[PDB]
Structures are given as structure tokens and as C-alpha cells.
Amino acid sequence: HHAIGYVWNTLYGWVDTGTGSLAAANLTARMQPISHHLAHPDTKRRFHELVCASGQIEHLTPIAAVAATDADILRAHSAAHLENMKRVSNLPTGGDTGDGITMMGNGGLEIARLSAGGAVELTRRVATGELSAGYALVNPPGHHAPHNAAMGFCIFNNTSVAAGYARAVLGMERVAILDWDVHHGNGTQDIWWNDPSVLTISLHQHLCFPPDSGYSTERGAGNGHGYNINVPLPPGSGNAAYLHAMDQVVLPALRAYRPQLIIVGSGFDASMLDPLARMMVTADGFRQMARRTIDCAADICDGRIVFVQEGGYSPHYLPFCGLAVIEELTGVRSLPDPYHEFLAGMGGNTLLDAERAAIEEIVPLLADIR
Amino acid sequence: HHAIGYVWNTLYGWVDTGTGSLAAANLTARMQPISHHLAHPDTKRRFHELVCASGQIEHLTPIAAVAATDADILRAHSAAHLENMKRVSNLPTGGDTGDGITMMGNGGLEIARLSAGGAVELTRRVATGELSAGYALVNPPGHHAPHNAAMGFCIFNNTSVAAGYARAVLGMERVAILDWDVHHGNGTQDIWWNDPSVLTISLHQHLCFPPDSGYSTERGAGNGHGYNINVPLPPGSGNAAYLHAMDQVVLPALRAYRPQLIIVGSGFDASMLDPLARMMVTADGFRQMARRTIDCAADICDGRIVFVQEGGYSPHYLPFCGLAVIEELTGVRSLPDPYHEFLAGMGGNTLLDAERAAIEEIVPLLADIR
Amino acid sequence: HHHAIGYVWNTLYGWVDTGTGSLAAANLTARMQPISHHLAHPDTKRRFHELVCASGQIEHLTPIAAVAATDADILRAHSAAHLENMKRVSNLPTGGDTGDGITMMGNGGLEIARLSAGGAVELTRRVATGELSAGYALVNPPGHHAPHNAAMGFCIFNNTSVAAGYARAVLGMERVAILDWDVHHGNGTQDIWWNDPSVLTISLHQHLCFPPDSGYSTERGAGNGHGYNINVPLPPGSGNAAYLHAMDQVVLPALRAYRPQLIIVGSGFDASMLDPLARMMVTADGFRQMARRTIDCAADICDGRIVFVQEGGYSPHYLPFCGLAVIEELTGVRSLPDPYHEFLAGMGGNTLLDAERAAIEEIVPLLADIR
Amino acid sequence: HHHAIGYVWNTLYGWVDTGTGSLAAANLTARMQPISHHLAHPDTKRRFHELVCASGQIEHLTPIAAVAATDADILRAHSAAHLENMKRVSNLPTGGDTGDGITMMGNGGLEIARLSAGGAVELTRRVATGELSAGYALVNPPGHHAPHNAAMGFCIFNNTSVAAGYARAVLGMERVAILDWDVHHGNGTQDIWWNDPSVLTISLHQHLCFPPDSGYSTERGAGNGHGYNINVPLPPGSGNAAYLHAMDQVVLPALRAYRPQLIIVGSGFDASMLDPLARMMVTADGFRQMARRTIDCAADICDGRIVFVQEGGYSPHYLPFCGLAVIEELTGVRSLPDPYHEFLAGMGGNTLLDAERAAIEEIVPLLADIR
Ligand SMILES: [K+]
Ligand SMILES: [K+]
Ligand SMILES: [K+]
Ligand SMILES: [K+]
Ligand SMILES: [K+]
Ligand SMILES: [K+]
Ligand SMILES: [K+]
Ligand SMILES: [K+]
Ligand SMILES: [Zn+2]
Ligand SMILES: [Zn+2]
Ligand SMILES: [Zn+2]
Ligand SMILES: [Zn+2]
């Protein structure tokens, strides 16, 4: 009852995000090439390197990624999508996958399989009881990829591949995916839209990405009606809003649902220094969010909780946000956040009326979780 | 009555911001070295290169920076501060100047003089009527440096050196400094605190940086009481809030004061993609802010307006925010913002109640501007 | 008698997209990890430009705007098929490799290739008219590997050949010389003017460095052009002594024999002591002396009409000082030391070795065939 | 008879702060522009580590944790004054240059220097006991330029000498050999063991590349150590043929004459064809053959006890493949091609030139003095 799994694969740091900023470089638009795309793998690699350099790695059980099979991927995705990803992976320089901001390098399907497979392998080992919990520091991310496409830097929906494995292979009847990446988990929402056996929750900045989704009225359909929960929050929301959302909506939803496994889509792009959103969460905020969620798992599903890396785009600060979560898993709290004092005076630590109201909009939906 | 000055010096791109993220790299804190400090000069250089590549440079009059003299600097700063900057500039690898986030490279005083001097030289040429207006794309920035210190990446207060020159050398009785960098212009506020001959205005994110300043109650002292105006805005404020602040506070303040010259501390760190603040301004927002301010100058001080670069930390997006301002100066609107559609759906375009109220707090202070 | 030195830099020369590979593209199956800076990344040449400015040399130069090379300009050196193929790759959403697997063109990159060739043309025009006495076109992408019908070795169009073709067809010059001291064989230039005695083509290079199968002393042109191509392959490790002996024994005598009306220098700095893409030992003082000699030769034989056009060089650290030395020889304002001078001076290359002397002496009997 | 190959990598080896200069610090008066990647930046060696993992070689290796070198460990190779001076610079808020103007230590960087020396020690311990048959310590910062009383040439402590001193004093070995094939002269190692015949020190290097005044064949040790230091200076442009001739004629016979109980290899890859900091032409296949020969020699004379310790190498592009070749010779699993092989193979270096042969033959008469 205490052994914490940790997945990193070298190839997670070799994802080729190209020479553009977001979309590709384009001379006619006068978008100058740049060395580091916003989604460049160094951000997540720096998190891995801090896990090692901090000494946290000594308290973790390293777990090798095992490449996701076609069968694994097909539990979350269409055969057509999988076949299309094989095609672009073959291109001599890779290329965009569909949406104009989602570059796959040459041979990049290998990395996408290892990323989904890292989530699956950790899930397997936690669910069997070999491990009590873990963190899969994967790349590329997953939560934007719906059933039939790649989208928003995501090739396959890692957490959904892992949930599908938990359902079909491990025979779990109820799984929860809690996504706190600052962007709406539209892919995950899509995949399990009609399905009450995977409760999908997304805490995000309202309309940050994608532009047309993540409204509280998006609640699933058919037998899945009531088993998708969006918590859109306003720009500028910080630790107070995020913790109020955890206490009023997320944790009660999990307790109502009684999942046999909790998977956390753990992005750190809600951080105070992220370029790709406008939120004010600090490493201490993420710490408290993780502590609450792990304690919830202890109470309702024998501690079975798997964290899977989603987004986050500050190479400076993301490592300390991620380390705080790892420390809550290991219980070894051995390094300060060196930005703590600098960021703590910027605010986000008072629950504003507009933040409170956004969260309260979701509370009446809890009663529909049977 | 139409000739637009433009200052860039190669050395503005050679500022040595070190190997840290914000503070220096530190092994005991496990702050890993990184190639690009948040304040790395490539951000501003990319703006310069876009000015050239877009063809805007063909509509601009290039103006060489002339190094600020000791006498120039002393109109804004103490002799002790100037002498201290000579000392750290001599260090073999340079070093921090005081506050732990303000690195000067070896020989870096040369660049700091050229940065202040770029502001002065443009000011001189606009004020004499050789030029109608201009943009000084300087680096290092200025607005955090108070009378007796360097602070927040700023060695000398460029806009205050330029205002002091306009006062003492050109004999102007009234100058305005309008700072729309997202961080509080505490340095500028300090320098002219007791002085009604330089009206200092700062539109900023409340308590973003520095942590203890920029409150609406900071209004100057003695004869300068009423001649400093802070407009702190909440995190998440976008184009609607910024334009409401321009229309309700900034432009009326300028009209009340009747400056003979307007200097704009033109930062783009309020942009939607900036890591160092939480605001939602787009290039079209900055465009409208610039258009309004230039038109105000046409109405009240014969078009005499000088823009001087302050902060901004998105190498991806800052160039397009800066280009929009340049286009409003030249009147040649020849390149789209390629991020426009991507960013426009994220919000910030509706004036929220909390934003409106923050701005309305400053309106009663307009009556004290004589 | 006149002194005005032209200088071409265009912002877009620094925006060339060399991709995320090292040399070829990144490739996961081969386990070639992506990297930020390709060997040929534009920062190397941009750092040279920035040093020209920061050193104060720019104050002694006459800035000359690049004018995009027209289709007609390009067709004086290249086939219509090559030009049309470059339009195709330039249109791709992320650009792509042109023919040879190491020559990436970015999206819209044809614009930069036209400005690069056009920079060489515009400087050539203004020197030839006498507006300028001489100049330096700090262009990018480079040119000398591109033959008539292809892109090759980071080169889209052969800038110096476009400029020579302009000097021939538009300015009516009967004799032009292209002296290429890039460390790699100027195979493109050799190819373009192979049959043509009106452009004397000379290449000083490391033997078999790049391309693998060319630059032998036996490659001398054909037909009426026989004798009007001169290769000077030198052994790896050759330094200042060898390069200067080659200038004195072969290059300068060749130019004097030929009596060009204009000298175009393919000015690469990849023969430098710190270059990753060759094994030569030339220092900034070596390049200085090479430039001084060539400029003085131009003064003697073609009224000072000399145009330098940037080719290769891959040390972002040291190339700027090698380039600055050449600029200083043009302006006559020698105001900055090479800060690497003492560090590099003890490594050698300053004695003419027997193998180096012999390699150079192989070319001397060919001088008599230059009529 | 046993086969288990140790491998040392520590995350902090990739965190060495080489600063914002190219070689020396950035300097505005000299107009040396700041740059992101110093020549010695840790990404080069990290890319080697990442390729070891991504290639699947890591699956055939036994990972061995670095253990920080103690003061006592360091003092077997260095003075107390040097150790104390390194504590001082490590304490500086942004670190700083150590003695020589090109050797930057970051803030807290002594921690990494201890882990680097300690990685060499720990691998040496585990090979010597027979737990492991051999191994590779991919350490950083490097060691071989650091003499007894100073840091020099990117080196804080002399890792291989700390390891040899441990093998002598703690493991009681009477004879150890250090074979340094970094392209720069191992002057530090030479200095440390100058008077001492119990550590045979051999350096194959480019003549006068770095440092400027050392590595001559006449530098042979002193007193009881006379004859127990062997320098093999080679000319610029030397490639696989020269390096292998040096191995066969000098290095391997020296080791056989000496009968070390342990062989430590100072394994640099800065002799590679693409290195900016030297002018040699060795390819990954060259390094492969050098490693195979040395490992086979160890098998014959000291029960296979061979420890490789990373020294220099400055091509982030190519070093990983040179290093991988050596790892493959240790594991016997030859599963990835050198993707540069065909590109580099035609550049030369594969014929033994007369000057190269003569440089090597100068050392052969010194073999008889190794008793
Ligand atoms: K669902
Ligand atoms: K989310
Ligand atoms: K004031
Ligand atoms: K402000
Ligand atoms: K010819
Ligand atoms: K050549
Ligand atoms: K010895
Ligand atoms: K050596
Ligand atoms: Zn996200
Ligand atoms: Zn700012
Ligand atoms: Zn070349
Ligand atoms: Zn070396």
C-alpha cells in the first residue's frame, strides 16, 4: 500500500514540434522561424530532470513505457484515425495532422504509441495493486484528440486509451477522468459522450481552447447524459477558485460516482506564468489539488489514482508545479518552490464573486450522477 | 507634418540576461539553466526584424541612437546610481544590479546609455518638428528604475531621461508619460512624485510587479499631488477594459493636463500570450490604443508623440502587437495579425463589471489635474 | 580614383528556415534527434552582420538594398526547370528538401533566394558603373554548389553566377572572374561556366570535402572553355601558409593572365580554424591577407572592380571576426582586434608543409593555358 | 568469464552552466556577442546519453549511480588549495571562471564536479571487484586538462586521475594505465603522475591543439616516473588510418609492456570529422575500431578490466554516434548504423600519410623504457 510508479521515456523529449511558434513558420505572413515552438518538448523534459535532480526519483518506482498496440488505441479511437496517423508518421519531415497547429515528426507514431502506452502501463500496475499510485510524464499530450482525429498537439487521447484498457481488459465498470489542464478536454468529452462508465470532468478556462466548447450545457447524451461535467472558469482565476471548484464540484462528483479508478489529466498550463492561458495557479495550488484528489482516491477507490501529463508551456515554472504533485504522491517534501514569494503577491488567492458563480453553476448537475 | 522616426541599435539585441529564467540559475534551488531568460533580447529583436521584413521600415525615418550623457542621466537619476552602474558594467561577467532579477552584462552600461539615448534623440527630433512622431525600440527597458536604483530589468528610466531632456533642454513646461506596460511604472512614479511638470500615468495589472505598489491612492506629493495617476486593472482584462480605461481616464487626463509632448511607455506584456502577466490584449487592441493616443496628440500638442519600448515577453506574438502600433504611426496597414482569429474567440472583448469598477475608481481624480 | 564600399544585408537573409535536423532532416528511425540549430542555421551570418554594425564598420559602408532577382536574372545561370521546381517547394506549407537531402527551403523561401541572388546582382551593378569602388554582399542562402539544373549543398541559386551572367549579358563585359575560397568545391559554378571562357572560375578548397566526387585539378572545362576552370584542392589541415602560397602562386597569377573586367569573390569562411564542416586552419588574419591581396590585384588589373559575395561558414563564434577582417580591408578602418588571435595562433597552419606546397604546385603549369 | 557492462549518467551532468560566451565569456568591449550554446555546452553529452537510451543500448547496460567524490577522493589527484578554490567559485551567486578564462563553473557547480569524478570512481570500483566486466562513465564536466593544482580547459577535477588514485590507494593496485584519446593533450593527467611509474599516462592528440605549449614526445616524466608518460602528437587532418596505426604501433604495445591491472580510457570524441575544436578526421567506425582493440587488449592482459570515462567532444550532431559505437563494442549489440557514414567516408583520412606515419614512428623507440 505505498509504491509510486513513474513513467518517462527518452522519446517523449524528441517530439518534433517544428520551426513555428504555434502554427508553422510562414514567410508570406511574416511569421519568423523560432527554435522553440510553444509546445516544444524541453518543458516536460525539464520536469523529468527536476524529478531526478531533486532526489524524488529515489522514492519512485520507474515503470517502462510499453508501446500502445492497435487494439489499445482502438478502444478510444477510430480505425480511420489510427491509419491516418501511420500515413503522416511516414512523411520524410512528418507534418501537420489536421488542425494546422498539430505537428507530428517523421516516425512520430512511435512516440505517440509510447505516450499512450505509458498511461496504459501505469494504469495496469496501479489497478492490479503492484503500485498504489503513479505519475506518467508522457508527451505528446492527449485530451484534445477526439474519437476520429488529432487536435491541439494531441495525436491519441492517452487518458481515454488508459480508461478503455481499465474497462475492457481489467473489467472495471466505472472509471473517472479528471482533467485540470487549463484547456477544455474536448477529445475526452467526445470519446465518452454516450457512455456513463467513464465520468469525464474538465476544469478549464472558458473558451481558451477550443473556441466553441466546454460549456456547462455539454452533458453527454443517451445513457451518458449527466456523465460529462464541464467547469468553465473565468480568465484570472487562481488557487482560491481552483480549490473551491475541487471542494464544491470535483470531489463531490467523484464521491457520487464511485469510480474504481481515478485518472487525472494533469496539465500545468493553469500556472501563473503560462503563455497559453490566463490563470493564476501556483505550485502550492497544484499541490493542494493533488493532495485533495489523492485523499479522495484513498477514501473511495482504495487509493487507485493515476496522473497522466497533459499540457503546460512554461519551461521555467512547470517543473516546480509538477514536482509539487510528485511530492504529494511520495510524501517526501524536500524542495521549496523558489518562485513562491514572487508569485504569491500577484493574487488569485481570494475567491471572486464571478469565480464563485461560475463554479456554483455546476453544483445542481451533481444530482444527476447516479 | 508627416515623418515617423524609428530607433533600433544592434546592441539592444546584445543585452546579456544570463542563464537563469528570471533570477539566476541556482543548483541548490534546482533551478536548471536555460538558453532564453524570460527577458531575453530576441523578443524585441524579432519586433525589429518584423518592422523591416513587413516593409514598414520603408515608411520610417531611421534615427541613430546617441548615447545618453552623464548630464542626460542625472535629469532622472542620482549620481550614486549612475556611479554604481559603471561599477557593475566593469565586472568580467557583469552581474545582478540590486534586486536579484536585473542582470547587466559585461560593458552593459554602453547599451543602457544607448537605450536612454535612443529615447532622448527621438524626443529631440519630434519636439523640434523634424519628425511628426516616432517609435524608439529600445532595450533594456526603463519604467521600473526609480531615481536611486535599477529594478525589474531596468537600468535607467528611459522615458524619464527623455522627459527630463524635454523639460530642461527644450524648455517644455508640461510633459506626459503614459505607461501601458502591464507592470506598474513605479520608477517613473518615484522620479516625478513631487513634480507637476511631468504627469505620470500607469495602466497595469494590479499587483503584478512590483508587489506593493500601483494603488490608486498613490497620487504624488507636495506640488505634484494629483499629477500621478495609477489605473490598476484586474487579471484577465482585455481589449474592452483597456479601451474603456483609455476613453474614461487616460485621454481625459491628457486633455485636462495639456502636455506639450506625450511619451508612451509602450510595453506589450498585456498581450494575450504573455507569460509575465495575465491580461488579454490583442494586436488589434494595441492598434486601437495607439490610434486613440496619436489622435489625442494631434488634437492637443501638435501631434508630438514618442513611443518608447518597455516590456513584453512573447517572442511569438509581441512582434505583431508592436507592428500594429508602427502601422498606426505610418498609416500603412499592409500585414494582418496572423493570430487574430485564434485569439479573438478567447474573450476579453466585453467590459466586465469588476473591470468597469476598477476604471471608474480613477475618474474622480481627473478634477485634480490643473 | 574613388572609394565607396557597398554593403548588402536584408533581414530575410536571417530568416532562412534550415529545419530541425543537423545536416539532413531529423529522423526518428535513424535516431537523429531534432536540434534547434542546423549546421547551416542563419544565425551564423546574422552574427556577422550584427558585428559589422556593432563594431562601427557600418558607418564606413554604403548600405545597398537587395533587389529581388527576376526570372530573367536567374535564367542567365539556371534552367527554367530548376526555377519552376524551386517555386513548387517554396509553396509547400512547411517548405521541404530541394534535391539532395541536405538542402531545406522554408515556406515562401524562394523570396529569400531571389533576394540573395539579387543582392549579388545589385552590388555588381553598382560597382561596375563606378558608383561604388567595391563591396560586400552578405547574402544567404549561399550559391556556389548550385549547378545549372539543381539546388545542392544548402544552395538554391548560384548567386555569383547570376551576378556574372548579369555582368556579361546586361553590362556587356567580355571577361569576368569568380574566385571561390569557400572551403568546399564550387562545383555549381564550375558546371555553369564549364564550356565558357568568358567567366574564369577558380576554386580553392579542401580536397573531396564536399561534394565527394569533384574538384580535382583535371576538371578544366571543355570546348572553348577548356583552360578556364581552375581547381586548387588542398589537403586537410592546411592553414594560412598554404592559403597564401596558393594566392601568390596560382590565384593572383591566374587573374593577371586572364584580365577580367570584374572580380567576384565567393567569400566563404568555412576554411576557418573552428569550422565544423571542414578541417582547415585559416584564421581571421589569414582571411585579412587573402582579401588585401585580392583587392590590390583588382586595383592593378580592373580598376578596383571587386565584389565579395558571402558563401559558407558555420562557426557562429568565429565567422563574424573572419568576415569583419575582410570588411576592414575594404574600408581601410582597422578598429577591432580578433579576440581569438592568440588562442588560435599557436595551433599551427603557419608553416607551408611539403604536401601543401606540392598540391599547389600541381596547378602552376595550367596558368599558361589562360589566354 | 563474465559480461556485465556498467553505465553512469547523472541528470546533473546535463546541468553544467557553461555561461553565455562562446569559449571565453561574452565581452561587449571585444564585441563578442552572447550566444545560447557555449562550445562546451552540456547538450552535446546529454544527446549522447539520450541516444544510448533511444537506441535500446540502455537495455543491455547496468546503470550505476554516481556517488559524489569525497574531499579524500579528490585529494588523491589534487591539492587542498585547488579543492578549496573550487568551493569558493561554486558559492558565487552566478558562479564564474575558475583560473584560465575559458573554464566556467556555475553556481553550486562543485556538486556536479564531485558527481563527475565520483562517477568515474564508482565505475572503477565495480569493474575492479569483478561485479562488472567493463563500463562507460558518461560524465561531465571533463577532467584531463586539470593538473594537480588548478582547473583548466573546461575541467574542474581530473576524473580519470581521481579514479586511478582510488585504484592505487583504496584497491591497492600497483599498476594503472590511463589512455587518453581526446584530441587535446592530457596535460593535467601528465602533470599529476609526472614523477610516478605506478600510473602509465598515454595521450594521443593533435599536436599543439590545446594547450599551446605541451604534448611533445620529449615530455616523458621525471625521476622514477621517467618513461611512464607517453605523448603521441599527430598532425592536423589525421584520420582513421593514423589513429589505428598509432593504436597498433604505440598504444597497444605500451599497454602490453606495462601490464596494468586496470585500463582507464579518457574517451573524448573531439577527434571526430565534424568537431569544431580540432582538425582531425576520425569517424564513428574509427572510434569503434579503437574501442574494440582496447577492450580486446584488456581481455588479454588485465582480465578485461577496462573503464571508459567521457572527456571532450563538441559536435552535438555527430558525437552521439561516435559514443554509441563505443558503447556497442562494450555490449556487443550492434543495432544502429552511423547515418553519417557515407557522407563522411569520402572526405578522406583513411590512408596513412607519410607525415602521419612519421609522427607515430617517433614514439616507437620509447616503448623499450616501459618496464
Ligand atoms: K462520459
Ligand atoms: K481541462
Ligand atoms: K508627477
Ligand atoms: K504601466
Ligand atoms: K569557365
Ligand atoms: K571553393
Ligand atoms: K606517469
Ligand atoms: K589526449
Ligand atoms: Zn492545455
Ligand atoms: Zn512589463
Ligand atoms: Zn562551404
Ligand atoms: Zn578535448
Side-chain angles (χ1 to χ4, degrees), chain A residues 160 163-164 167 174-179 185 188-202 218-230 253 257 259 368-369, chain B residues 159-160 163-164 167 174-179 185 188-202 218-230 253 257 259 368-369, chain C residues 39-40 44-45 102 141-145 152-155 180-189 203-206 209-211 215 266-272 275-278 280 310-315 319:
Chain A
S160 292
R167 290 277 297 107
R174 289 179 184 236
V175 180
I177 302 175
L178 165 60
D179 179 352
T188 310
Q189 167 172 301
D190 177 81
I191 289 166
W192 307 106
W193 188 248
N194 303 115
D195 196 339
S197 72
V198 183
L199 174 66
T200 51
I201 306 168
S202 181
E218 297 164 20
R219 296 185 64 203
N223 292 326
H225 185 80
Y227 297 88
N228 182 74
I229 293 158
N230 288 328
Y257 188 66
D368 299 321
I369 304 168
Chain B
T159 59
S160 292
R167 290 277 297 107
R174 289 179 184 236
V175 180
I177 302 175
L178 165 60
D179 179 352
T188 310
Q189 167 172 301
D190 177 81
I191 289 166
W192 307 106
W193 188 248
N194 303 115
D195 196 339
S197 72
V198 183
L199 174 66
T200 51
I201 306 168
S202 181
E218 297 164 20
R219 296 185 64 203
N223 292 326
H225 185 80
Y227 297 88
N228 182 74
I229 293 158
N230 288 328
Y257 188 66
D368 299 321
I369 304 168
Chain C
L39 278 159
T44 299
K45 291 164 194 183
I102 68 172
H144 72 148
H145 293 310
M152 188 179 183
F154 317 147
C155 304
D180 178 353
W181 70 47
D182 182 291
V183 79
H184 305 105
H185 175 44
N187 65 293
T189 312
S203 181
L204 190 46
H205 50 96
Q206 184 183 309
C209 187
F210 187 86
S267 183
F269 303 110
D270 39 11
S272 91
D275 207 280
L277 272 174
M280 305 303 232
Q310 183 66 41
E311 296 287 356
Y314 304 101
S315 174
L319 181 145

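Residue numbering restarts at 1 for every chain, and letters A, B, ... go by the order of the sequence lines. Counting convention: from 1, in listed order, for ligands and their atoms alike. Only this structure's heavy atoms are used, side chains among them; waters, hydrogens and symmetry mates stay out.
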Whether B/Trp192 has an N, O or S atom under 3.4 Å from the K ion (ligand 3)
yes
Given the K ion (ligand 3) as the apex, I'd like the angle to O of B/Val198 and O of B/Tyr227, rounded to 10 degrees.
80°
Just wondering, is there an N, O or S atom on A/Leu199 that's nearer than 3.4 Å to the K ion (ligand 1)?
no
Looking at the Zn ion (ligand 11), is there an N, O or S atom belonging to C/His184 that lies under 2.8 Å away from it?
yes
When you check the side-chain N and O atoms of C/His185 and C/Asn187, is any donor under 3.5 Å from an acceptor?
no
Any side-chain to backbone donor/acceptor pair from A/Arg174 onto A/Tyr257? Under 3.5 Å, distance only.
yes
Among A/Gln189, A/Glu218, A/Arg219, the one residue meeting side-chain hydrogen bond (donor to acceptor under 3.5 Å, both in side chains) with A/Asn228
A/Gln189
Does B/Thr200 use its side chain to pair, donor to acceptor, with the backbone of B/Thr188 at less than 3.5 Å?
no
Side chain C/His205, main chain C/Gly215, donor-acceptor under 3.5 Å:
yes
Is the backbone of C/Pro142 close enough, under 3.5 Å, to the side chain of C/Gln310 for a donor and an acceptor to pair up by distance?
no
Please find the N/O/S atom of C/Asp270 nearest to the Zn ion (ligand 11) and write down its name.
OD2
Answer yes or no for C/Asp182: is there an N/O/S atom below the 2.8 Å cut-off from the Zn ion (ligand 11)?
yes
Return the name of the atom in B/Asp195, of element N, O or S, nearest to the K ion (ligand 3).
O
